Amino acid sequence: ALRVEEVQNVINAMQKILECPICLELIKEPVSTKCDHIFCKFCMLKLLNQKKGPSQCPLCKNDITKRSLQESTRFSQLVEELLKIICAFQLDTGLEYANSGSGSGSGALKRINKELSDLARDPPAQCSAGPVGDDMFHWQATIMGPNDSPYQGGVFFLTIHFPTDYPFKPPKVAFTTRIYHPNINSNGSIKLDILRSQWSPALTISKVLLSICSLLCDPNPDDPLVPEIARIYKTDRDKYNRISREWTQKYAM
Amino acid sequence: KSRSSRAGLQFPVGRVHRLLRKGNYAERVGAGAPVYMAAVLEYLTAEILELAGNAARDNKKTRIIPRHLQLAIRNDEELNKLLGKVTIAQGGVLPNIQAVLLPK
Amino acid sequence: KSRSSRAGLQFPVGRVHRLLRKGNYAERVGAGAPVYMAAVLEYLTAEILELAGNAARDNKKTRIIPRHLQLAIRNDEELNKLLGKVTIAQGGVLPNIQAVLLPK
Amino acid sequence: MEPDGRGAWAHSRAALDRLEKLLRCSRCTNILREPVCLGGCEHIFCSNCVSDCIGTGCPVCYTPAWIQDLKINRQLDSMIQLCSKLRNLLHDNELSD
Amino acid sequence: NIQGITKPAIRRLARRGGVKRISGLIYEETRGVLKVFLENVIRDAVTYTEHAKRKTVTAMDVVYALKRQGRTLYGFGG
Amino acid sequence: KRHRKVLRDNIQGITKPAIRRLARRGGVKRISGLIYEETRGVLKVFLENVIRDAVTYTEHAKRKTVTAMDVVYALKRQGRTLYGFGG
Amino acid sequence: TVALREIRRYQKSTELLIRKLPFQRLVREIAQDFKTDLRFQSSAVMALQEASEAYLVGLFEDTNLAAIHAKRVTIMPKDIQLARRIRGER
Amino acid sequence: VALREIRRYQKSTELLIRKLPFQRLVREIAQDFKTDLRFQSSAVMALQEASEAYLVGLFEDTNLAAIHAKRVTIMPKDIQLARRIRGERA
Amino acid sequence: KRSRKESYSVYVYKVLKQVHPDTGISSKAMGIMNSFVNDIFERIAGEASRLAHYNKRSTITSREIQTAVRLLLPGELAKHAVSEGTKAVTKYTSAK
Amino acid sequence: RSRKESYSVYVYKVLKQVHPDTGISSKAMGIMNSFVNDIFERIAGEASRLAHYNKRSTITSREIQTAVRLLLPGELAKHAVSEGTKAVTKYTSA
DNA sequence: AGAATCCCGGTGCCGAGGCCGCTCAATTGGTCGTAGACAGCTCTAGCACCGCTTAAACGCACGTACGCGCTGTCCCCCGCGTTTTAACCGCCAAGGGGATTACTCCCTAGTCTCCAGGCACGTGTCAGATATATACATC
DNA sequence: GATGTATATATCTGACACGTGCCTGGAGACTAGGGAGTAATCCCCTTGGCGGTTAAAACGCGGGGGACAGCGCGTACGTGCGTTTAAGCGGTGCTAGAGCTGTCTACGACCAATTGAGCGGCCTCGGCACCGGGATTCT
Ligand SMILES: [Zn+2]
Ligand SMILES: [Zn+2]
Ligand SMILES: [Zn+2]
Ligand SMILES: [Zn+2]
């Protein structure tokens, strides 16, 4: 262990920098944009090619277009040499250059396995999360209600099923218990703003888990899963918050 | 070899030269003038064709029709600013219904 | 005599001719071209000045000011179409208050 | 260190110099702390190099860009710090055993 | 003679424009607007034809007439 | 080089009275308080378009000063013609 | 409900919405006031018809905005006059 | 009171925006293209004149839109409509 | 050290006096009329140039100018402008 | 013959190097011919005007750069100019 | 009776109105070239016509989603007075860029010669348009 | 439950992708000349900062007109149905003028030589700006 962790961390950090919203590995096909961060040609084009109107940049508040993009050039050159360094790395330290990024090369499994591995090292900003145990695509989480909510102090349990094209397409987010909320189905299904026309790779497990509690803070009765609740929130608003609070005290989990 | 070959262009640099001269845009036309211009005309052509192509794919067609050229222009804000005064034959309109007209 | 004298025009037929060639509008300019053009420039000039002069008289002024040139235009349908896209420096606007804004 | 390792160690060192080679002019002689990039042609500038591309533009190249096309890439800032950190870490391990 | 533009014809144009409801009084006004538009374009198109000493108004004369009004057509060879 | 550039929210130089007077010239009887913010936004964009071109013309001439002629040409390029400053 | 079905159906299409023959008649009746004994290329008539419909459609798009601006759905003579004036003076 | 104000401002030929703060705005924008850029004093005047003319024309159209909606007070929504029809931002 | 711009200010004065012998025009107002003349000049020369190309001609004659006017000026304004044009040319050509 | 030439042959070549799987209908081609001539005229038009405004008689690539930046909105010009300068550079070196 | 729009008479500011003296650009006359006007012919594309076909347009009656006007309550806009800011005038100097000349020599126009890249045309495949039967997604 | 929208296939009717041979604009290579590229002068006019005067913008408060949200009434469209209507299609036959070719001549680029209509700057008043007081709107 001749300071191999330090060499490993600096080299792995290099990859961390040159890593897109979808890929959890060194970018092999980098393209530059107007704002200061590199994306993959394949990954960005797929995002831009969705019928969602003008797309916002997944790594900042600015926007993105197909135009204005250029061969990263310098960064493409960095990638090639960095790969050559990794060859040497396996002989210099003999350590891995990834946090168990050994899943399927299609990315369907490697991406979800790698994010969970990173999760263990760096959990969601305001909550706990980990695997259910049925598959690597089925995760659990425990989230407490923020102060700005009728659900304040309540804690809910999630069971989220991820697709093979995650995070390009939204996951099946669900609660195990029915919550008195416009966007929560009696079967647990959750409809977040971010899970439809606003879904993108921008959203990570931390952001998604935070978004769920954010929706509890501020519900969206437009095209609800449960109209019987959504109508009350839309029309009275305050009536909903009072009922939701009472419900939470017994059914939060 | 042609000028277009040397310039790495598909557009007829030789023709552009002739057009600029005959068109009396100026008393004289520089050697690099038609080269630069051809590159621009070709670039813009490529931009509109690429988008028209994608439109063809959306409709499961393998041939470009006037409608596809217009859908390409209308969806891209940049082209809309350039060609906002142009009507495309049989272009129809870009589909759009305002929220106030829809079911609630 | 002069060319404008023979034509009976106030505008410089000779300078109009020079501009048509200098501006490179065509390879050649016909002998009758600058005369016709000069006459039109004169006609339009006369129409604006005549109306501007009338505006000055209404305001009890002797010298024409930019506002009078503009009012003459704004009060003339033929000139509004001709110079509709033109802004006259320090012209102000044609006075106008809608009935719906007035007391009842 | 072993025959395969020592070769690799020398490689990684040489690789760092090659990575830095990416930022060059008659004055951009080393990796820059605050490199400025120009959209449309790259040509990364020294700390007092961007001032010339603002005044006139790139030598020979002369890209007709606006002053809004000039900015420091945050990604380089981070990568550059790491390449310096790695240079020293590799050298110390090579020296120690 | 302008009645050649039928009520349904106007409705169809309005539908393409995204109109949900049409007042029955618009049809008379719409025809008026159309009449004016055509008069302006034709006047110019005829002028071009007369200039060329032709008795036929060609597609190119319509196109030029329209370019001058800020409405360029594509696909007619102009 | 050596320019003491000043970066400020100078759009605020166009105040309520200024906008109010312009609106009055346009025949507006009452102005919502939200107009002031909207108007400034519109003005800034308009000026950006005209200035961008005026500068572009200046750059072409290899000059460092924007002349009255360049503003006038810029406006014509934008489809608006101004009399009294050009020739 | 029908209007929405028709709006979608027409926006998806490209054909000219004015019957060709009666349109041509309108053109000829106007043309005679500029010069007699004029003939038209068949393509010229199409070019003119296309320009005409495009004009009216664009006008209706703007008119529709004016109507919803006034918090109504139905297009009134008043709405077309407003849209026409703002556009007409540009 | 406002009606008298309208008459006076329509009648006068004076610039309605104070000259100094306007010039500052022009420079504030212009510096974003090139640094150390100079202007002829007449160039700024020309720009200001065009600028005021532009806004007045826009306000005249805005006013009409508000009237159409059976309102007297103009809203941001009315400016946006006028621009949308003119096609400034469409 | 010579002006390369010139103006029509001397001709505007002459025309002005013929219409309003007892009036004058300010220098700012003169700037407006000077620009006006060059604006119209460009429009007419512009259309005439286009007609030359559109009709496969290399020469601009009084015919093109006449047509350009009919296109550029509205309604009856054109009617008079054409009349003044043809009159000036006829007199000039016949030299009477 | 006297019939006006078009760019249909070049439009094909451009499409094949961009989106090779598809073809072009004859009417679509007609639209593209107008597009090329429209843009051609606009650029050439501005290049001419600039030559007059700057008291010059020869149009060079420099005047065109200016004309293009004036006509093409947004970021479109940035890409268009880039292609322009590259073509000139290669042409010059050849 | 109060407060804002003009007029009347008076001085003084500085703008423009006429004239001096000079010289670029207007005008004249002559030579030669060719772009346009005209005559003369082919046969393309347009005009007017007929009759049958069937999707489009005319006219009617039902009833209801929308337009219109009225009432009542909220707030946020306009007018007023007072304080504070910095817009504007007039002055001073330095010094950076504009417009100007005067020489250089490199780039484009015009000249001929000779060639293969695009034009018109025709052949043969096949891509899209219509219509049928298949099951779901809306309304 | 009852209509209407995308799905996958058979059929086949023009329009597109390709290939053949012709020749008309492209490229090659050379001279002459004039356009704009560089260097160097020096004269505006742009920038910046100084103070003082005082007009315009900014703050806070009164309270009232306009925005707009809800209610109820009336009818002007929208929906479907059934009855004609002439718009669209194909085919026929006539002929007016669009475009091609060839001949010849008013007339337009170009040059060199004479000279005067407008340029640019200076001397002389006279039309407007604005003070200070009055009467007429006009609320
Ligand atoms: Zn990626
Ligand atoms: Zn970003
Ligand atoms: Zn450098
Ligand atoms: Zn560069």
# chains A, B, ... in the order shown; residues from 1 in each chain; ligands from 1
call {"tool": "interface_residues", "arguments": {"of": "chain I", "to": "chain J", "cutoff": "12 Å", "atoms": "only C-alpha atoms", "output": "JSON, numbers by chain"}}
result
{"I": [4, 5, 42, 46, 50, 56]}
call {"tool": "write_last_selection", "arguments": {"atoms": "N, CA, C and O atoms", "output": "compact mmCIF listing (two decimals), in the first residue's frame"}}
result
# COMPACT_ATOMS: atom_id res chain seq x y z
N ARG I 4 -16.77 64.12 -50.70
CA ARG I 4 -17.06 62.99 -51.57
C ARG I 4 -18.50 62.52 -51.38
O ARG I 4 -18.86 61.42 -51.81
N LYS I 5 -19.31 63.35 -50.72
CA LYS I 5 -20.69 62.98 -50.45
C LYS I 5 -21.68 63.86 -51.21
O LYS I 5 -22.65 63.35 -51.78
N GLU I 42 -32.40 55.26 -54.24
CA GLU I 42 -31.99 53.88 -54.12
C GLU I 42 -33.12 52.92 -54.45
O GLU I 42 -32.90 51.89 -55.07
N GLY I 46 -32.83 50.57 -57.44
CA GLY I 46 -32.88 49.19 -57.00
C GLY I 46 -33.85 48.36 -57.83
O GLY I 46 -33.49 47.29 -58.32
N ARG I 50 -33.15 45.40 -60.68
CA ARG I 50 -33.78 44.09 -60.66
C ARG I 50 -34.52 43.80 -61.95
O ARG I 50 -34.44 42.68 -62.46
N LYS I 56 -33.57 39.98 -68.52
CA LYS I 56 -32.40 39.69 -69.35
C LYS I 56 -31.93 40.89 -70.16
O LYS I 56 -31.76 40.80 -71.38
call {"tool": "select_by_dssp", "arguments": {"residues": "segment 13-83 of chain J", "states": "strand (DSSP E or B)", "output": "compact mmCIF listing (two decimals) with C-alpha atoms, in the first residue's frame"}}
result
# COMPACT_ATOMS: atom_id res chain seq x y z
CA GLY J 23 -33.95 10.64 -51.47
CA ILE J 24 -35.50 13.94 -52.56
CA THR J 58 -13.47 44.30 -55.07
CA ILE J 59 -15.39 41.71 -53.08
call {"tool": "residues_near_ligand", "arguments": {"ligand": "ligand 1", "cutoff": "12 Å", "atoms": "only C-alpha atoms (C1' of nucleotides) and all ligand atoms", "output": "number ranges by chain"}}
result
A: 18-31, 38-47, 58, 106-107, 111, 167-168, 201-202
call {"tool": "calpha_fit_and_write", "arguments": {"fixed": "chain C", "moving": "chain B", "output": "compact mmCIF listing (two decimals) with N, CA and C atoms, in the first residue's frame"}}
result
# COMPACT_ATOMS: atom_id res chain seq x y z
N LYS B 1 -26.04 74.52 -72.43
CA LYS B 1 -27.09 74.29 -71.43
C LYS B 1 -26.99 72.88 -70.85
N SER B 2 -27.44 72.71 -69.60
CA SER B 2 -27.44 71.43 -68.89
C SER B 2 -28.60 70.55 -69.32
N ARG B 3 -28.53 69.27 -68.96
CA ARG B 3 -29.64 68.38 -69.26
C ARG B 3 -30.87 68.77 -68.47
N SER B 4 -30.66 69.24 -67.24
CA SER B 4 -31.78 69.61 -66.39
C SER B 4 -32.51 70.80 -66.97
N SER B 5 -31.78 71.68 -67.63
CA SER B 5 -32.41 72.84 -68.23
C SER B 5 -33.32 72.40 -69.36
N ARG B 6 -32.80 71.55 -70.24
CA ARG B 6 -33.57 71.09 -71.38
C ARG B 6 -34.81 70.34 -70.95
N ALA B 7 -34.69 69.58 -69.88
CA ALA B 7 -35.79 68.76 -69.39
C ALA B 7 -36.80 69.56 -68.58
N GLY B 8 -36.50 70.83 -68.31
CA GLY B 8 -37.39 71.65 -67.51
C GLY B 8 -37.40 71.21 -66.05
N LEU B 9 -36.29 70.68 -65.57
CA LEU B 9 -36.20 70.18 -64.21
C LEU B 9 -35.28 71.03 -63.35
N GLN B 10 -35.47 70.95 -62.04
CA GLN B 10 -34.60 71.63 -61.10
C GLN B 10 -33.53 70.69 -60.60
N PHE B 11 -33.88 69.41 -60.50
CA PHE B 11 -32.92 68.43 -60.03
C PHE B 11 -31.82 68.20 -61.05
N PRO B 12 -30.61 67.88 -60.59
CA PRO B 12 -29.39 67.76 -61.34
C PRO B 12 -29.34 66.49 -62.17
N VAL B 13 -29.94 66.53 -63.34
CA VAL B 13 -29.94 65.36 -64.20
C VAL B 13 -28.53 64.84 -64.39
N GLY B 14 -27.58 65.75 -64.55
CA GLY B 14 -26.20 65.36 -64.73
C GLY B 14 -25.69 64.53 -63.55
N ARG B 15 -26.13 64.87 -62.34
CA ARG B 15 -25.71 64.13 -61.16
C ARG B 15 -26.35 62.77 -61.12
N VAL B 16 -27.63 62.71 -61.46
CA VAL B 16 -28.33 61.44 -61.44
C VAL B 16 -27.65 60.49 -62.40
N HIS B 17 -27.25 60.99 -63.56
CA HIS B 17 -26.53 60.17 -64.51
C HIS B 17 -25.31 59.56 -63.84
N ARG B 18 -24.51 60.40 -63.20
CA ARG B 18 -23.31 59.92 -62.54
C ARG B 18 -23.63 58.91 -61.45
N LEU B 19 -24.67 59.16 -60.68
CA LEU B 19 -25.00 58.25 -59.60
C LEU B 19 -25.43 56.89 -60.11
N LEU B 20 -26.21 56.87 -61.18
CA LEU B 20 -26.67 55.60 -61.71
C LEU B 20 -25.52 54.78 -62.26
N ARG B 21 -24.57 55.45 -62.90
CA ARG B 21 -23.41 54.77 -63.45
C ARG B 21 -22.49 54.27 -62.35
N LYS B 22 -22.11 55.15 -61.44
CA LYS B 22 -21.20 54.78 -60.37
C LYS B 22 -21.80 53.73 -59.46
N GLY B 23 -23.11 53.80 -59.26
CA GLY B 23 -23.80 52.89 -58.36
C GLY B 23 -23.90 51.47 -58.90
N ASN B 24 -23.46 51.26 -60.13
CA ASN B 24 -23.49 49.94 -60.73
C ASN B 24 -24.87 49.31 -60.68
N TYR B 25 -25.89 50.07 -61.05
CA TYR B 25 -27.23 49.50 -61.07
C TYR B 25 -27.40 48.64 -62.30
N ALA B 26 -26.63 48.95 -63.33
CA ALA B 26 -26.63 48.18 -64.56
C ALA B 26 -25.34 48.45 -65.31
N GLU B 27 -25.02 47.60 -66.26
CA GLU B 27 -23.82 47.82 -67.05
C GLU B 27 -23.89 49.14 -67.79
N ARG B 28 -25.08 49.49 -68.28
CA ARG B 28 -25.22 50.71 -69.06
C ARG B 28 -26.44 51.52 -68.65
N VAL B 29 -26.34 52.84 -68.78
CA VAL B 29 -27.47 53.72 -68.47
C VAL B 29 -27.85 54.57 -69.67
N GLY B 30 -29.11 54.49 -70.06
CA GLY B 30 -29.61 55.19 -71.23
C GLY B 30 -29.70 56.69 -71.02
N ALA B 31 -29.68 57.43 -72.11
CA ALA B 31 -29.71 58.88 -72.09
C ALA B 31 -30.97 59.41 -71.45
N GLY B 32 -32.09 58.74 -71.67
CA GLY B 32 -33.34 59.22 -71.12
C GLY B 32 -33.56 58.72 -69.70
N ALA B 33 -32.68 57.85 -69.23
CA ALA B 33 -32.88 57.27 -67.91
C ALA B 33 -32.79 58.32 -66.80
N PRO B 34 -31.72 59.11 -66.68
CA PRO B 34 -31.55 60.06 -65.61
C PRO B 34 -32.52 61.21 -65.73
N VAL B 35 -32.98 61.47 -66.95
CA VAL B 35 -33.92 62.55 -67.14
C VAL B 35 -35.24 62.18 -66.52
N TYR B 36 -35.70 60.99 -66.84
CA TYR B 36 -36.96 60.51 -66.30
C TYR B 36 -36.87 60.45 -64.79
N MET B 37 -35.78 59.87 -64.29
CA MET B 37 -35.65 59.70 -62.86
C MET B 37 -35.62 61.02 -62.13
N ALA B 38 -34.87 61.98 -62.64
CA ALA B 38 -34.78 63.26 -61.96
C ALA B 38 -36.15 63.87 -61.84
N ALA B 39 -36.96 63.71 -62.88
CA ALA B 39 -38.30 64.26 -62.85
C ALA B 39 -39.11 63.65 -61.73
N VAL B 40 -38.94 62.35 -61.50
CA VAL B 40 -39.70 61.68 -60.46
C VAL B 40 -39.24 62.10 -59.08
N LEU B 41 -37.94 62.18 -58.90
CA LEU B 41 -37.40 62.57 -57.61
C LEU B 41 -37.84 63.98 -57.28
N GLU B 42 -37.84 64.85 -58.28
CA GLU B 42 -38.25 66.22 -58.08
C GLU B 42 -39.73 66.30 -57.77
N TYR B 43 -40.53 65.53 -58.49
CA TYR B 43 -41.95 65.51 -58.23
C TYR B 43 -42.27 65.12 -56.81
N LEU B 44 -41.66 64.05 -56.33
CA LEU B 44 -41.92 63.60 -54.98
C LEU B 44 -41.45 64.62 -53.97
N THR B 45 -40.32 65.26 -54.27
CA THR B 45 -39.81 66.29 -53.39
C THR B 45 -40.82 67.42 -53.29
N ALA B 46 -41.37 67.83 -54.42
CA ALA B 46 -42.35 68.89 -54.43
C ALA B 46 -43.58 68.51 -53.61
N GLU B 47 -43.99 67.25 -53.70
CA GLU B 47 -45.18 66.84 -52.96
C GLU B 47 -44.97 66.94 -51.47
N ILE B 48 -43.83 66.47 -50.99
CA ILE B 48 -43.59 66.54 -49.57
C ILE B 48 -43.38 67.96 -49.11
N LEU B 49 -42.72 68.77 -49.91
CA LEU B 49 -42.51 70.14 -49.51
C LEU B 49 -43.82 70.92 -49.48
N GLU B 50 -44.69 70.70 -50.45
CA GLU B 50 -45.94 71.44 -50.44
C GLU B 50 -46.70 71.17 -49.16
N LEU B 51 -46.77 69.92 -48.76
CA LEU B 51 -47.49 69.59 -47.55
C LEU B 51 -46.80 70.15 -46.32
N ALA B 52 -45.47 70.10 -46.30
CA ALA B 52 -44.73 70.64 -45.18
C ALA B 52 -45.00 72.12 -45.06
N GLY B 53 -45.15 72.77 -46.20
CA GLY B 53 -45.47 74.18 -46.23
C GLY B 53 -46.78 74.45 -45.51
N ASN B 54 -47.82 73.71 -45.88
CA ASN B 54 -49.11 73.91 -45.25
C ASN B 54 -49.03 73.69 -43.75
N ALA B 55 -48.23 72.72 -43.33
CA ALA B 55 -48.07 72.47 -41.91
C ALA B 55 -47.46 73.69 -41.23
N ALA B 56 -46.52 74.34 -41.90
CA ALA B 56 -45.89 75.51 -41.34
C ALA B 56 -46.92 76.61 -41.14
N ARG B 57 -47.83 76.73 -42.10
CA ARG B 57 -48.86 77.76 -42.00
C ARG B 57 -49.78 77.48 -40.83
N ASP B 58 -50.08 76.21 -40.59
CA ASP B 58 -50.97 75.84 -39.49
C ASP B 58 -50.40 76.27 -38.15
N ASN B 59 -49.08 76.19 -38.01
CA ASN B 59 -48.44 76.57 -36.76
C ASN B 59 -47.95 78.01 -36.78
N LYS B 60 -48.37 78.77 -37.79
CA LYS B 60 -47.97 80.16 -37.91
C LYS B 60 -46.46 80.32 -37.94
N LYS B 61 -45.79 79.45 -38.67
CA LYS B 61 -44.35 79.52 -38.82
C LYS B 61 -44.01 79.75 -40.28
N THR B 62 -42.84 80.29 -40.55
CA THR B 62 -42.44 80.52 -41.93
C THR B 62 -41.21 79.71 -42.30
N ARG B 63 -40.90 78.71 -41.49
CA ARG B 63 -39.74 77.88 -41.74
C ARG B 63 -40.06 76.42 -41.47
N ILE B 64 -39.62 75.53 -42.35
CA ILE B 64 -39.88 74.11 -42.20
C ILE B 64 -38.95 73.47 -41.20
N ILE B 65 -39.52 72.71 -40.28
CA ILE B 65 -38.77 71.98 -39.28
C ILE B 65 -39.14 70.51 -39.40
N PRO B 66 -38.32 69.58 -38.91
CA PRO B 66 -38.53 68.15 -38.99
C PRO B 66 -39.94 67.74 -38.60
N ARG B 67 -40.53 68.41 -37.61
CA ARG B 67 -41.88 68.03 -37.22
C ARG B 67 -42.86 68.24 -38.34
N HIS B 68 -42.65 69.29 -39.12
CA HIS B 68 -43.59 69.62 -40.16
C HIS B 68 -43.49 68.63 -41.29
N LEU B 69 -42.29 68.14 -41.53
CA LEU B 69 -42.14 67.12 -42.55
C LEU B 69 -42.88 65.87 -42.13
N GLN B 70 -42.80 65.51 -40.86
CA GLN B 70 -43.50 64.32 -40.43
C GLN B 70 -45.00 64.49 -40.39
N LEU B 71 -45.48 65.65 -39.95
CA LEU B 71 -46.92 65.83 -39.92
C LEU B 71 -47.45 65.73 -41.33
N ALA B 72 -46.72 66.29 -42.29
CA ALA B 72 -47.12 66.14 -43.67
C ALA B 72 -47.19 64.69 -44.11
N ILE B 73 -46.22 63.88 -43.73
CA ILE B 73 -46.25 62.51 -44.14
C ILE B 73 -47.38 61.78 -43.47
N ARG B 74 -47.51 61.94 -42.18
CA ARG B 74 -48.49 61.19 -41.43
C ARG B 74 -49.92 61.51 -41.78
N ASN B 75 -50.24 62.76 -42.08
CA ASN B 75 -51.60 63.07 -42.47
C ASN B 75 -51.98 62.54 -43.84
N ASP B 76 -51.02 62.45 -44.75
CA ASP B 76 -51.34 61.97 -46.08
C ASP B 76 -51.20 60.45 -46.19
N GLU B 77 -52.31 59.77 -46.39
CA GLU B 77 -52.30 58.32 -46.43
C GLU B 77 -51.34 57.73 -47.46
N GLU B 78 -51.25 58.39 -48.61
CA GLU B 78 -50.40 57.93 -49.71
C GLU B 78 -48.92 57.90 -49.33
N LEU B 79 -48.47 58.92 -48.63
CA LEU B 79 -47.09 59.00 -48.24
C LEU B 79 -46.85 58.00 -47.13
N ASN B 80 -47.84 57.79 -46.28
CA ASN B 80 -47.72 56.82 -45.20
C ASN B 80 -47.44 55.42 -45.73
N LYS B 81 -47.98 55.09 -46.90
CA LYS B 81 -47.77 53.79 -47.48
C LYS B 81 -46.35 53.69 -48.03
N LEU B 82 -45.83 54.79 -48.56
CA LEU B 82 -44.49 54.85 -49.12
C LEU B 82 -43.40 54.90 -48.05
N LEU B 83 -43.63 55.68 -47.00
CA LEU B 83 -42.64 55.92 -45.97
C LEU B 83 -43.04 55.33 -44.63
N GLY B 84 -43.79 54.24 -44.64
CA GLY B 84 -44.30 53.64 -43.42
C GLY B 84 -43.20 52.99 -42.58
N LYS B 85 -42.02 52.86 -43.17
CA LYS B 85 -40.89 52.26 -42.49
C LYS B 85 -39.84 53.30 -42.16
N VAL B 86 -40.22 54.57 -42.21
CA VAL B 86 -39.27 55.65 -41.97
C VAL B 86 -39.59 56.47 -40.74
N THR B 87 -38.57 56.71 -39.94
CA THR B 87 -38.68 57.58 -38.79
C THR B 87 -38.02 58.92 -39.08
N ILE B 88 -38.75 59.99 -38.81
CA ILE B 88 -38.23 61.32 -39.02
C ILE B 88 -37.67 61.84 -37.72
N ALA B 89 -36.43 62.30 -37.74
CA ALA B 89 -35.79 62.76 -36.52
C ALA B 89 -36.59 63.90 -35.92
N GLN B 90 -36.81 63.83 -34.62
CA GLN B 90 -37.59 64.83 -33.90
C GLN B 90 -38.97 65.00 -34.52
N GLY B 91 -39.50 63.93 -35.11
CA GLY B 91 -40.81 64.00 -35.74
C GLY B 91 -41.95 63.86 -34.75
N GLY B 92 -41.67 63.27 -33.60
CA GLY B 92 -42.73 63.02 -32.62
C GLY B 92 -43.76 62.08 -33.21
N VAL B 93 -45.03 62.30 -32.88
CA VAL B 93 -46.11 61.49 -33.41
C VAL B 93 -47.25 62.38 -33.86
N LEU B 94 -48.11 61.85 -34.72
CA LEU B 94 -49.30 62.57 -35.10
C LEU B 94 -50.30 62.48 -33.94
N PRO B 95 -50.82 63.59 -33.42
CA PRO B 95 -51.75 63.65 -32.31
C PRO B 95 -52.93 62.74 -32.53
N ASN B 96 -53.29 61.98 -31.51
CA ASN B 96 -54.38 61.04 -31.60
C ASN B 96 -54.75 60.44 -30.26
N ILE B 97 -56.00 60.62 -29.86
CA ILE B 97 -56.52 59.99 -28.65
C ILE B 97 -57.77 59.21 -29.01
N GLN B 98 -57.82 57.95 -28.58
CA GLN B 98 -58.97 57.11 -28.89
C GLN B 98 -60.17 57.48 -28.04
N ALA B 99 -61.36 57.31 -28.62
CA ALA B 99 -62.61 57.71 -27.98
C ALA B 99 -62.82 57.07 -26.62
N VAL B 100 -62.36 55.84 -26.47
CA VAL B 100 -62.56 55.11 -25.23
C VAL B 100 -61.79 55.70 -24.06
N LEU B 101 -60.86 56.59 -24.35
CA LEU B 101 -60.05 57.21 -23.31
C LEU B 101 -60.57 58.59 -22.93
N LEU B 102 -61.58 59.06 -23.66
CA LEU B 102 -62.07 60.43 -23.49
C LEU B 102 -63.23 60.50 -22.50
N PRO B 103 -63.50 61.68 -21.92
CA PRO B 103 -64.64 62.01 -21.09
C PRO B 103 -65.95 61.79 -21.85
N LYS B 104 -67.01 61.44 -21.11
CA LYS B 104 -68.35 61.20 -21.66
C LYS B 104 -69.36 62.14 -21.01
call {"tool": "residues_near_ligand", "arguments": {"ligand": "ligand 3", "cutoff": "8 Å", "atoms": "only C-alpha atoms (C1' of nucleotides) and all ligand atoms", "output": "PyMOL selection string"}}
result
chain D and resi 24-29+44-50
call {"tool": "residues_near_ligand", "arguments": {"ligand": "ligand 4", "cutoff": "10 Å", "atoms": "only C-alpha atoms (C1' of nucleotides) and all ligand atoms", "output": "count of residues only"}}
result
18
call {"tool": "residues_around", "arguments": {"residues": "segment 30-37 of chain H", "least_positions_apart": "2", "cutoff": "7 Å", "atoms": "only C-alpha atoms (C1' of nucleotides)", "output": "list in words"}}
result
residues 66, 67 and 68 of chain D; 3, 51, 64 and 65 of chain F; 26, 27, 28 and 39 of chain H
call {"tool": "interface_residues", "arguments": {"of": "chain H", "to": "chain C", "cutoff": "9 Å", "atoms": "only C-alpha atoms", "output": "PyMOL selection string"}}
result
chain H and resi 3+6-7+9-15+46+49-50+53-54+56+67+72
call {"tool": "residues_near_ligand", "arguments": {"ligand": "ligand 2", "cutoff": "7 Å", "atoms": "only C-alpha atoms (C1' of nucleotides) and all ligand atoms", "output": "ChimeraX atom specification"}}
result
/A:35-37,57-63
call {"tool": "atom_distance", "arguments": {"atom1": "atom CA of residue 66 of chain A", "atom2": "atom CA of residue 83 of chain A"}}
result
27.5 Å
call {"tool": "residues_around", "arguments": {"residues": "residue 105 of chain L", "least_positions_apart": "4", "cutoff": "12 Å", "atoms": "only C-alpha atoms (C1' of nucleotides)", "output": "list in words"}}
result
residues 33, 34, 35, 36, 37 and 38 of chain K
